[PDB]
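Following: one structure in C-alpha cells, then a few remarks.
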Protein chains: 2
Amino acid sequence: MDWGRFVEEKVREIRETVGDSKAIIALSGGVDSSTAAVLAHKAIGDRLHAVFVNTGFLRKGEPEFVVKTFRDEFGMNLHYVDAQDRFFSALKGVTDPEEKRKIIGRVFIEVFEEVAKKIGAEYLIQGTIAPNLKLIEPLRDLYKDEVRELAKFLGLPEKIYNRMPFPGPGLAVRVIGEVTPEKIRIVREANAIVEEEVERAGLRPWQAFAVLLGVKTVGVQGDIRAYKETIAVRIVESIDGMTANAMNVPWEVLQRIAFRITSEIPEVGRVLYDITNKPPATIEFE
Amino acid sequence: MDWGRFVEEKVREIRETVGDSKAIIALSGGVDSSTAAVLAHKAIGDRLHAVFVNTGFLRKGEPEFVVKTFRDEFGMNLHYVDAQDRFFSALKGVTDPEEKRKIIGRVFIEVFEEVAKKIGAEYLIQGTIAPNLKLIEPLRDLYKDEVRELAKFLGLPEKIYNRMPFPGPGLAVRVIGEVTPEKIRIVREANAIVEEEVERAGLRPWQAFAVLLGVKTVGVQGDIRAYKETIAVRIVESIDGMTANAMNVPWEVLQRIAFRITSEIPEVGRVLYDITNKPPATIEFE
C-alpha cells in the first residue's frame, strides 16, 4: 500500500482533531496500541501521554522492553504505573476465570482513570482495528496484517510487529485457581522457557505459552514427599484464533522444554503438552 | 533352564506341604500371582481357592477377562468378590494420595480376611519373586523375566504374561483427588482409549494410561457452554521401571487419542500428554 501517504493523511487527521490539547494512550506492548501510539506521536509529539500499567501479570522482560522502546527509542512521554500490588490484592482468592477477567478490567480502568485525571487529556487514542475523553481510532479501517505492515513501515521493532498475541489479563489467566505472586513468578519463568525454545527451534506458532495447572505431584529425587507444581505447554497454529490445531512440535523441542522447566524451576515437578485442537478446546485454559 | 523340571518339582513341593488341606491365593490379574495360582492349581486342584476382588478400580473388561481365564479356561476354584461399594465408600472425601493408598490397602485386607475365614484354608500362596496361614511362595527363587517365561509355559495368555504393570489401587490413583464413581467411569473409558491406540499402532511401552486431572475447561455440549474435564495421557518406555522416558509417540497416535477421548467421552474437553521423564518425575501421578 501507499503507506507514506496513509501515514501523512492519518497524522494530519489526528493533528486536526487534537489541535493543541493533550491526548492519552494505553500501551500494552501489543502491535495495535504500539502502531496507534507512533501515529499519534508523529501527530502531536509531547502532547501525547503514553501510559504503561504494570499489572504484575506481564511476560518476563516486557516492562523493560516497553519503556526502552517507547520512552528511550521513540522519545514519547511515558507514564510508567507500577500497579502490581493493586492487581494482586484485587485478585486475592479469586478462582472463577470470568471473575478474574472482570476484576482485572475494572482495576485497569481505575488505575488508568487515576492517571488520566492528573494529565488533563482531552482525547483518547485507541488501537481499534477492523472489525470524559473523545475517541480517536487511527487504525479503525485496517486488518491485522495491514497493521503489522504499517508497524514495520513506522520503524517499530520486529519483537512488536511479529509478536504473538498476549491477553489483557496476562499471566493471571495462565494460573488455574487463585493468583499469587509466587504462582505468577513460576508461570512467568516457564512461559519464558517456552518462548525461548519455540524461537530457538524456528517454530512460528499463533500462540505458545505455559499454564500452571494447580495439580501437584511428588517426584523421585530429593524430598520425595514434597509436592511440586505441574506446567502445561500450549502451542497452537491458526489463521485467526477461531479454529486452531495443537502444533506437531518436534520431540526434541518438547524434551528441551520439559528438561529446562524442571531443571531451572525447581518448584515444578511435571510438564505436560496440550494435544487438543480448537474445537473442541479453547486456546487459553481460562 | 528347565521349566518342565521346575514345574514338576514345585508341584510336588506344594502337594507335600499342603497335603489334604485347602490353600488360598489372592488373584490380581498380574503375572506373578497368576503364575503362582496355576502352579498351585496343578498341585492341589479344587483345594486351591483363588480370590479375585473387584475393587471397583479395575480396567474396562479386566474383571470379565480374569473370570474367563481362571474360572472358565483353567477351571480354578475362583471366588469372584464384588467389593466396589466398600472401596468407594471408604474413600469418601479423601484427597491425599498416600491416604487413598493406605485406605485401599486396609479395605483389601478386610475383604480378603472376611472371605478367607469362610474358606478355612491352612496355607496362603503368594507370588513373591526374587530377589492363621502358613505361607507358600513357589516363585521365590525366580526373577521377573523368568516368571514371564514360566507363565508362557503354563499356558497363561499373552495378555497376562506380557501385560503392562497395573497398580494394586488401580484407577483410584489415576483420579486426582476424591475418588467417585463418575470420575472412575471417565478415567476408565480414557484409559481404554489410550491402551487401544497404543495397541493399534503396534507400540510396546512399559506403561500407557490416562489420568483425570480435576482441572476444568470450557467446552461446548450441544448448544451451550459447559465445564469439562482434563485428561493427562501417560506413556513411558522403560527396561524395568528403574528409570523411564516419556515416549516419543507418533503424532498421529496422539491425535487419535485426543480425538477419541473428547469425542467419545464428552465429559472431557482437553487432553494433555506427559513429556516428563523419570527422574525427575514418578510414572503415576498419585
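Simple scheme: letters A, B, ... for chains in C-alpha cells order, numbers from 1 for residues in each chain, numbers from 1 for ligands in the order shown.
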### Task
Considering only C-alpha atoms, return as number ranges by chain whatever protein or nucleic-acid residues lie within 10 Å of stretch 246-256 of chain B, sequence-local ones (same chain, fewer than 4 positions apart) excluded.
A: 246-252, 254-255, 275-277; B: 193-194, 197-198, 200-201, 203, 205-208, 233-238, 260-261, 271-278, 283
### Message
Can you pull out every residue from stretch 5-88 of chain B that DSSP, working from the backbone, puts in helix (DSSP H, G or I), and format the result as an MDAnalysis selection string?
### Response
chainID B and resid 5:18 31:47 62:73 84:88
### Point-to-point distance from atom CA of residue A:16 to atom CA of residue A:49, Å rounded to tenths
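Atom CA of residue A:16 sits 17.5 Å away from atom CA of residue A:49.
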#### Entry: Nearby residues (only C-alpha atoms) at most 9 Å from residue A:174, same-chain spacing under 4 positions excluded, as a VMD selection string
chain A and resid 170 184 187 209 to 213 284 to 286
Selected residues written out with C-alpha atoms, as a PDB file, in the first residue's frame:
```pdb
ATOM      1  CA  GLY A 170      -1.859 -11.584  31.022  1.00  0.00           C
ATOM      2  CA  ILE A 184       2.860 -15.800  38.713  1.00  0.00           C
ATOM      3  CA  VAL A 187       4.485 -19.384  35.392  1.00  0.00           C
ATOM      4  CA  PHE A 209       2.746 -20.323  26.385  1.00  0.00           C
ATOM      5  CA  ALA A 210       2.817 -22.117  29.749  1.00  0.00           C
ATOM      6  CA  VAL A 211      -0.034 -22.657  32.215  1.00  0.00           C
ATOM      7  CA  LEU A 212       0.351 -23.537  35.912  1.00  0.00           C
ATOM      8  CA  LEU A 213      -2.264 -26.269  36.418  1.00  0.00           C
ATOM      9  CA  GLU A 284      -6.257 -20.418  26.669  1.00  0.00           C
ATOM     10  CA  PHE A 285      -7.047 -22.680  29.632  1.00  0.00           C
ATOM     11  CA  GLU A 286      -9.055 -19.934  31.388  1.00  0.00           C
TER      12      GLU A 286
END
```
### Query
Please, what distance in Å, to one decimal, runs between atom CA of residue B:36 and atom CA of residue B:75?
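It comes out at 15.0 Å.
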### Task
Check the DSSP output for the backbone and give back, as a PyMOL selection string, the residues of stretch 108-233 of chain B in strand (DSSP E or B).
chain B and resi 123-125+134-136+175+207-212+217-221+224-233
### Query
Of the residues B:177, B:157, B:131, B:169, which is the one nearest to residue B:73, using only C-alpha atoms?
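Counting only C-alpha atoms, the residue closest to residue B:73 is B:157.
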